[PDB]
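Only one structure is covered here, and it is reproduced in the block below.
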Amino acid sequence: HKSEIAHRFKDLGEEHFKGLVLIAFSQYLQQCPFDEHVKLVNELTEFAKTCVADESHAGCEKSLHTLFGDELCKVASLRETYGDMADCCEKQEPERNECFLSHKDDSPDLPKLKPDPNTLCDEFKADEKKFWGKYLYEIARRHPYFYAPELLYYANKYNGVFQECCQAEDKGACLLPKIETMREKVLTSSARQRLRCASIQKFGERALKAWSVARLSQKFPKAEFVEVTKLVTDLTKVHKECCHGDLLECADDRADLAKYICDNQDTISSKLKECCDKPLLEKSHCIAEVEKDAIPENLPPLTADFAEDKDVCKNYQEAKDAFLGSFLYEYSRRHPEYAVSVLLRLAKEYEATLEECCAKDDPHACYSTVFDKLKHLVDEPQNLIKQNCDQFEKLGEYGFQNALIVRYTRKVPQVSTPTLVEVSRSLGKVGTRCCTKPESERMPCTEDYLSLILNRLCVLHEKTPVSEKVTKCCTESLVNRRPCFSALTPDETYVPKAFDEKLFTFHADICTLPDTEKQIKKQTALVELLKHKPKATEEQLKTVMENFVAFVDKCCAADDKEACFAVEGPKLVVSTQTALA
Ligand SMILES: [Au+]
Ligand SMILES: [Mg+2]
C-alpha cells in the first residue's frame with residue numbers, strides 16, 4: 001500500500017470506515033452539528049474510494065493525519081466556533097495534529113441526553129443507519145478520547161436494544177433499564193480509556209506498557225513471558241494510535257490483534273474459544289473482558305528469582321526494563337486477586353529497592369528482604385477499604401457521597417466546585433460497585449475504579465489548575481495517585497472563602513429538577529458551605545442538611561411554591577450563619 005487511506009478502506013470496509021471517521025470529526029470538533037459532520041465523512045469517503053481504484057492518484061500517498069487535518073481546516077465556521085484552534089492550521093504536521101488534540105474539550109458542557117422512548121423509537125424505524133451514526137456522534141463528542149473501535153461496538157449494542165424494544169408494547173419500560181445499564185458501561189469504558197491516553201501522554205509508553213503487562217499476565221498466566229511482550233507491544237500501539245487520534249489505524253491494529261490472539265489461543269489461554277467465535281467487534285470486546293485463566297501449577301516461589309538469586313543486581317543492570325518487566329509478569333500471573341494498580345506499585349517499589357541496593361557494598365544482603373517492604377504495600381490499601389465499606393453500608397449511596405464531599409472539600413478546598421461535586425459523586429458510587437462484591441474481591445475492585453475516577457479529577461484539574469495539592473498528587477506518580485490523596489489533610493493555609501448569598505439561594509425551580517440534578521444542587525451547596533466555613537464540625541452540618549430538607553420539602557409541596565422560597569428561604573440563610581458562628 002503506497003496509500004495508507006486506501007489500505008484502511010480495504011482493511012476496514014466502508015461501514016466501519018465511515019463510522020470511525022465520523023467519530024474522529026466528532027471528537028476533534030465537538031460542537032459541530034451532526035449533519036455538517038456527516039458531510040465531511042462522505043467527502044473523505046468518496047476520496048478514499050478514489051485511492052482504492054487508483055493508489056497513485058494525487059493525494060493518496062498522503063498520511064491520514066495530513067488528509068483528515070486538511071479537511072478540518074476547511075470548516076468555515078471554525079475560528080468562530082473554536083477560537084485558538086483555528087491557529088493550529090497554520091502549522092505543519094505533526095505539530096498541527098498535536099495542536100488539534102490539545103484543543104479537545106474534556107468537559108464539553110453539552111445538554112445531558114435525557115432519552116424519550118417514543119421519539120427515539122421513531123428515528124430508529126425511520127433511519128437505522130443514521131440513528132446508529134447519531135449515537136456514535138453524541139457519545140464521541142462528549143468523550144473526545146473514547147476508544148474508537150469499542151464505541152463502534154457500543155453503537156451496535158445500542159441498536160440491538162432499540163431493534164428489540166420498539167416492538168414490545170410498553171416500549172419505554174423495556175428499553176429504559178437497558179439504556180440505563182449500558183450508560184454505566186459506556187462511562188466506565190470512557191473513563192478507562194482516558195486513563196490509557198493520560199498514561200502515555202503524561203508518563204510515556206513505558207507507563208502504559210506496564211499497565212498492560214500487569215493486566216495481561218493476569219488474563220493469560222498460562223502464556224510465556226515472550227508471548228506477553230508480543231501481545232503488549234501490539235496492544236500499546238493500538239492505544240497509542242487511538243489516543244493520538246489515528247482511529248482507522250487504531251481499529252485496524254486492534255482487529256489484527258484479535259485475529260492473532262485467536263490464531264494462537266493454544267499459547268495464550270484456554271478461556272478464549274467462546275470469544276473467538278464472535279463477529280469482528282464483539283470478538284474484541286469479549287477478549288477484553290475474558291475470564292482469567294487458571295494459574296500454572298508448579299511455579300517456583302518468586303523469592304527465588306528476585307531476592308534469593310545471587311546475580312540479581314547484575315541482570316537488572318543488563319536489561320533494566322526487561323528484567324523489571326519480567327518481575328511484573330511473574331508476579332502478575334501468580335496473583336490474579338491483586339489489583340492492577342497495586343501490582344504496579346509493587347513494581348515501582350521493587351525498582352526502588354534495586355536502584356538503592358545495587359550501588360551499595362553488599363547488594364545481596366540489602367535486596368534479600370525486598371519481599372518485606374513488599375508485603376507492606378498490599379495492606380496499606382486493605383484497611384482504608386474496610387472503613388469505606390463500613391461507611392457505605394452504614395450511610396447508603398447518597399449519604400456516603402456527602403461524607404466524601406466533606407472530606408474532599410476539606411482536602412483540596414481549592415478545586416472547582418463543579419469538579420468536587422462530580423468527583424465525590426463518583427467516589428461514592430464506588431461503594432455501591434465494590435462493597436457488594438465478595439469480601440476478598442473488594443480491594444481490587446475499589447483500586448481499579450479509584451484509578452479511573454482519580455484520573456478524571458486530574459484530567460479536569462490539569463486543564464485549569466488550582467490546587468498544588470491536586471497537581472503534586474496527579475503528576476508525581478501514576479500508580480501511587482490513590483495513596484497520595486488519602487495522605488492529604490485540610491490546609492490551615494486555606495483562607496475561607498467569603499459568604500456569597502447566591503450560592504445558597506433556592507428558587508421554586510428546585511422541584512422541576514430530576515432526582516439526579518436535585519441532589520447535585522444540594523451537593524453543590526454543601527461544597528460552598530465547606531468552602532466558606534472550612535472548620536465546621538459534622539455535628540453542625542448534620543442539622544444544616546436536615547434544614548435544607550426541612551425547607552426544600554416544605555415549599556416544593558406548599559400551597560404556593562414561590563411565596564415560600566420567597567420568605568422561608570432567607571430564614572434558612574440567617575439561620576445557618578447563626579448555626580456556624
Ligand atoms: Au461548527
Ligand atoms: Mg498515521
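All of this is worked out from the model, or read from it or from the source named; nothing here is a laboratory result. Methodologically, a virtual Cβ is constructed for each residue, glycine included, from the backbone with ideal geometry; neighbour enumeration extends over all protein chains shown.
The residue list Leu22, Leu110 contains one member that is assigned by CATH to the domain that holds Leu152, within 16 Å of ligand 1 (Cβ to nearest atom) and either over 30 Å from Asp170 (Cα atoms) or among the aliphatic types (A, V, I, L, M) (or both), which is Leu110.
Per the listing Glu90, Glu61, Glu80, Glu98, the residue uniquely under 29 Å from the mean Cα position of the chain (by Cα) and assigned by CATH to the domain that holds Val41 is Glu98.
Residue count for the stretch 19-44 satisfying the condition of being away from ligand 2 (no atom under 16 Å from the Cβ), over 11 Å from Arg141 (Cβ atoms) and over 25 Å from the mean Cα position of the chain (by Cα): 8.
Can we say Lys62 is more than 21 Å from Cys243 (Cβ to Cβ) and away from ligand 2 (no atom under 15 Å from the Cβ)? No, not satisfied.
Among the residues of the stretch 497-514, is there at least one that is closer than 22 Å to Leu457 by Cβ, touching a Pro at 6+ places or on another chain (Cβ under 9 Å) and not assigned by CATH to the domain that holds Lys469? Taking every residue of the stretch 497-514 in turn, at least one turns out to be closer than 22 Å to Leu457 by Cβ, touching a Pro at 6+ places or on another chain (Cβ under 9 Å) and not assigned by CATH to the domain that holds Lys469.
The residues of the stretch 457-477 that are surrounded by fewer than 18 Cβ atoms within 10 Å (Cβ to Cβ) and more than 17 Å from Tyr145 (Cβ to Cβ), listed by number, are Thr464, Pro465, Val466, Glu468, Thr471, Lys472, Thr475, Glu476, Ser477. Just one of the listed residues (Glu36, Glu93, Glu71, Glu43) is in a loop (DSSP other than H, G, I, E, B), touching a residue at least 12 places away in the same chain (Cβ under 8 Å) and among the acidic types (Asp, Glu), and it is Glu93. For the stretch 75-95, the criterion of being surrounded by fewer than 21 Cβ atoms within 10 Å (Cβ to Cβ), aromatic (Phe, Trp, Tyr) and within 16 Å of ligand 1 (Cβ to nearest atom) is met by no residue.
In summary, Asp106 fulfils each of the numbered conditions (1) without any contact (Cβ under 8 Å) to a residue 60 or more places away in the chain; (2) surrounded by fewer than 17 Cβ atoms within 10 Å (Cβ to Cβ); (3) outside any helix (DSSP H, G or I); (4) not hydroxyl-bearing (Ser, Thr, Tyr) with the single exception of condition (1). Looking across the stretch 65-81 at every residue that is out of contact with any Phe, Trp or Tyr (no Cβ under 9 Å at 6 or more places or on another chain) and among the β-branched types (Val, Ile, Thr), the one that is nearest to ligand 2 (Cβ to nearest atom) is identified as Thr66.
Yes/no per residue for (1) part of a helix (DSSP H, G or I); (2) farther than 22 Å from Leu343 by Cβ; (3) not small (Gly, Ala, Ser):
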residue: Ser426; (1), (2), (3): yes, yes, no
residue: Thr432; (1), (2), (3): yes, yes, yes
residue: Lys437; (1), (2), (3): no, no, yes
residue: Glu441; (1), (2), (3): yes, no, yes
residue: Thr446; (1), (2), (3): yes, no, yes
residue: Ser451; (1), (2), (3): yes, no, no
residue: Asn455; (1), (2), (3): yes, no, yes
residue: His461; (1), (2), (3): yes, yes, yes
residue: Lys469; (1), (2), (3): yes, yes, yes
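Only residues that are in a loop (DSSP other than H, G, I, E, B) and over 33 Å from the mean Cα position of the chain (by Cα) were counted in the stretch 496-534, giving 6.
Set side by side, the residues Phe47, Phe131, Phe100 differ, and just one is within 16 Å of ligand 2 (Cβ to nearest atom), surrounded by 14 or more Cβ atoms within 10 Å (Cβ to Cβ) and not polar (S, T, N, Q), which is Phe100. Only a single item in (1) within 16 Å of ligand 2 (Cβ to nearest atom); (2) in a helix (DSSP H, G or I) is not met by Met85, and it is number (1). Among the residues making up the stretch 228-242, a single one is within 13 Å of ligand 2 (Cβ to nearest atom), within 16 Å of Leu151 (Cα to Cα) and in contact (Cβ under 8 Å) with a residue 24 or more places away in the chain: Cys242.
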